[PDB]
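Just below is one structure, and these are the notes that go with it.
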Amino acid sequence: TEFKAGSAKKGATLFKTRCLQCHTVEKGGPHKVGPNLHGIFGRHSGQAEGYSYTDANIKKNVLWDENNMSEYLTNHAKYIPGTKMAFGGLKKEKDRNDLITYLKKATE
Ligand code: HEC
């Protein structure tokens with residue numbers, strides 16, 4: 001519901017030191033461990049260019065937004081339970097705030 005911020009600087013590296021392991025910034029990346037985002041902030045859940053999300057996640061589709069994504073970060077699968085989970089726990093708002101700060105800057 002409410003969006004919090006802090007510093008994109010660290011948030012930019014947070015993605016590189018965490019999401020990079022599974023997600024790739026390049027659009028249509030190899031999708032090794034999981035599908036690659038980059039630009040999905042303005043798309044519905046389940047829409048990808050290289051690898052489509054899991055049929056379960058694809059069954060459920062929701063428009064993405066900085067506010068909507070904030071809730072998803074709390075749980076790799078909140079409104080989209082069909083989506084798989086595997087993140088340590090970005091429950092800390094400090095990481096989630098700076099994280100999206102960089103993603104929003106790019107989508108900006
Ligand atoms: C591998 C162990 C992962 C790491 C580490 C991160 N994510 Fe992930 N993420 C992973 C999977 C398995 C999936 C979906 C599987 C499928 O194919 O459906 C996801 C999905 C997301 C999404 C959902 C958005 C959407 O496309 O609908 C987001 C926004 C997301 N992941 C963000 C994200 C960030 C911020 C990470 C770094 C902090 C991160 N993921 C790491 C697997 C893995």
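Here, A, B, ... name the chains of the structure tokens in the order displayed, residue numbers run from 1 inside each chain, and ligands are numbered from 1 in the same displayed order.
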Within 9 Å of region 62-78 of chain A, counting only C-alpha atoms, which residues show up once you throw out same-chain ones fewer than 6 positions away? Write them as an MDAnalysis selection string, please. chainID A and resid 1:3 40:46 84:87 89:93 96:97 100:101 103:104
Mind writing the picked residues with N, CA and C atoms as a short mmCIF file (atom, residue, chain, number, x, y, z; two decimals), in the first residue's frame?
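For reference, result.cif as written:
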```
data_model
loop_
_atom_site.label_atom_id
_atom_site.label_comp_id
_atom_site.auth_asym_id
_atom_site.auth_seq_id
_atom_site.Cartn_x
_atom_site.Cartn_y
_atom_site.Cartn_z
N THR A 1 0.86 -1.22 0.00
CA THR A 1 0.00 0.00 0.00
C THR A 1 0.88 1.25 0.00
N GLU A 2 1.77 1.36 0.95
CA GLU A 2 2.66 2.56 1.00
C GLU A 2 4.04 2.19 0.45
N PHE A 3 4.63 3.07 -0.32
CA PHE A 3 5.97 2.77 -0.89
C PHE A 3 7.05 3.48 -0.08
N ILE A 40 9.20 -5.71 -16.54
CA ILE A 40 7.88 -6.32 -16.22
C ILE A 40 7.09 -5.39 -15.30
N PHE A 41 7.71 -4.38 -14.77
CA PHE A 41 6.98 -3.45 -13.86
C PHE A 41 5.70 -2.97 -14.55
N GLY A 42 5.69 -2.92 -15.86
CA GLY A 42 4.48 -2.46 -16.59
C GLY A 42 3.83 -3.63 -17.34
N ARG A 43 3.95 -4.82 -16.83
CA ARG A 43 3.34 -6.00 -17.52
C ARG A 43 2.56 -6.85 -16.52
N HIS A 44 1.83 -7.81 -17.01
CA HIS A 44 1.04 -8.70 -16.11
C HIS A 44 1.89 -9.89 -15.70
N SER A 45 1.63 -10.45 -14.55
CA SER A 45 2.42 -11.61 -14.09
C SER A 45 2.26 -12.76 -15.08
N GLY A 46 3.34 -13.35 -15.48
CA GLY A 46 3.26 -14.50 -16.42
C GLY A 46 3.67 -14.09 -17.83
N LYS A 84 6.47 -20.13 -7.87
CA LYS A 84 7.38 -20.88 -6.94
C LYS A 84 8.08 -19.89 -6.01
N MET A 85 8.66 -20.38 -4.95
CA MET A 85 9.38 -19.48 -4.00
C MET A 85 10.78 -20.04 -3.73
N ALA A 86 11.72 -19.20 -3.36
CA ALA A 86 13.09 -19.71 -3.10
C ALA A 86 14.01 -18.56 -2.66
N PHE A 87 13.47 -17.50 -2.12
CA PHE A 87 14.34 -16.38 -1.67
C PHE A 87 14.53 -16.45 -0.15
N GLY A 89 14.58 -14.20 2.22
CA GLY A 89 13.52 -13.43 2.94
C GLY A 89 13.78 -11.93 2.85
N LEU A 90 13.35 -11.30 1.78
CA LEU A 90 13.56 -9.84 1.63
C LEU A 90 12.52 -9.09 2.47
N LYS A 91 12.03 -9.72 3.50
CA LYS A 91 11.01 -9.06 4.36
C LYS A 91 11.53 -7.71 4.84
N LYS A 92 12.82 -7.57 5.00
CA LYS A 92 13.37 -6.27 5.46
C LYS A 92 12.99 -5.18 4.46
N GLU A 93 12.30 -4.17 4.91
CA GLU A 93 11.89 -3.07 3.99
C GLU A 93 13.12 -2.33 3.47
N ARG A 96 14.17 -4.19 0.33
CA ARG A 96 13.08 -4.06 -0.67
C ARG A 96 12.96 -2.60 -1.14
N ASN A 97 13.09 -1.66 -0.24
CA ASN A 97 12.96 -0.23 -0.63
C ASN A 97 14.06 0.16 -1.62
N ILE A 100 13.77 -1.88 -5.24
CA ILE A 100 12.83 -1.31 -6.22
C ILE A 100 13.27 0.10 -6.61
N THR A 101 13.91 0.81 -5.72
CA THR A 101 14.35 2.18 -6.07
C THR A 101 15.17 2.12 -7.36
N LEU A 103 15.13 -0.50 -9.64
CA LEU A 103 14.25 -1.03 -10.72
C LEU A 103 13.32 0.08 -11.20
N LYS A 104 12.72 0.80 -10.29
CA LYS A 104 11.81 1.91 -10.69
C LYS A 104 12.60 2.95 -11.48
#
```
Pick the closest to ligand 1 from A:18, A:38, A:27, A:32: which is it, counting only C-alpha atoms and all ligand atoms? A:18
Would you list the contacts of residue 20 (chain A) as an MDAnalysis selection string, taking every protein, DNA or RNA residue within 12 Å and counting only C-alpha atoms, but skipping same-chain residues closer than 5 positions in sequence? chainID A and resid 12:15 25:26 29:38
Ranking A:107, A:7, A:24, A:83 by minimum distance to ligand 1 and counting only C-alpha atoms and all ligand atoms, which one comes first?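 Of A:107, A:7, A:24, A:83, the one nearest ligand 1, counting only C-alpha atoms and all ligand atoms, is A:83.
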Counting only C-alpha atoms and all ligand atoms, the option among A:94, A:23, A:59, A:105 closest to ligand 1: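 Closest to ligand 1, using only C-alpha atoms and all ligand atoms: A:23.
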For the atom pair CA of residue 11 (chain A) and CA of residue 102 (chain A), what is the interatomic distance in Å to one decimal place?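 If I compute the distance from CA of residue 11 (chain A) to CA of residue 102 (chain A), I get 5.8 Å.
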My list of candidates is A:55, A:108, A:49, A:98. Which is closest to ligand 1 when distances are computed with only C-alpha atoms and all ligand atoms?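 Selected residue with least distance to ligand 1: A:55.
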Run DSSP on the backbone and tell me which residues of chain A come out as helix (DSSP H, G or I); list them as a ChimeraX atom specification. /A:8-16,19-22,40-42,55-59,66-74,93-107
Quote the spacing between CA of residue 81 (chain A) and atom 9 (N, counted along the ligand's line) of ligand 1 in Å to one decimal place.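 CA of residue 81 (chain A) sits 12.2 Å away from atom 9 (N, counted along the ligand's line) of ligand 1.
With only C-alpha atoms as the atoms that count, the minimum distance from residue 10 (chain A) to the choices A:28, A:50, A:95, A:80 is reached by A:95.
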Between A:88, A:19, A:56, A:47, which is the closest to ligand 1 once you count only C-alpha atoms and all ligand atoms?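 Looking at the shortest contact to ligand 1, the residue is A:19.
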